[PDB]
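Notes to accompany the following structure.
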Amino acid sequence: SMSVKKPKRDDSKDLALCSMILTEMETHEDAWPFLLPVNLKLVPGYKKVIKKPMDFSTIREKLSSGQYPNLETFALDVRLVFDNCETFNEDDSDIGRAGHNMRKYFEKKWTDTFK
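According to PDB author numbering, the sequence shown is numbered sequentially starting from 1856.
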């Protein structure tokens, strides 16, 4: 509360570490469905159904331009990528399986790096 603060958690490496995690996600073999925005002209249903599209390239640009105020807003956008994928894709599809794998991969790096 006013003039009463918890001890300062060192956040000065967060930007660098989120960039490293993002690099690792970008270079994973199962990243291909997620590297670029879904083409809203070419994929019927996507525009209407997926209210907030998100992809690794868009996260990378937001990261590089100071549009994440903190590491939690970064994790929200990464998880959005996978939540969108589950909304639109059957679990038993290549893309559906990619999304499960990438979420698992991300969540371990996240825990190992920050928790």
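Where a beta carbon is used, it is the ideal one built from N, C-alpha and C, also for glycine.
- Query: Taking the continuous alpha helix (DSSP H) assigned at residue 1967, which residues delimit it?
  - Reply: Taken as a continuous stretch (DSSP letters only), the alpha helix (DSSP H) holding residue 1967 covers 1949-1969.
- Say whether the region 1918-1926 touches the region 1883-1898, bearing in mind that this needs 3 or more beta-carbon pairs closer than 8 Å, one atom from each stretch. Cβ pair count under 8 Å is below three, so no.
- Query: Looking at C-alpha atoms only, which residue of 1936, 1958, 1919 is the closest neighbour of residue 1874?
  - Reply: The shortest Cα separation from residue 1874 among 1936, 1958, 1919 belongs to 1919.
- As assigned by DSSP and simplified to three states, the class of residue 1927: Of the three classes helix, strand and coil, the one that applies to residue 1927 here is helix, per DSSP.
- Would you kindly work out how many angstroms separate the C-alpha atoms of residue 1921 and residue 1949, rounded to a whole number? Cα to Cα, residue 1921 sits roughly 33 Å from residue 1949.
- Stretch pair the region 1932-1939 + the region 1951-1959: three plus CB contacts closer than 8 Å: Because the criterion of three Cβ pairs below 8 Å is met, the region 1932-1939 and the region 1951-1959 touch.
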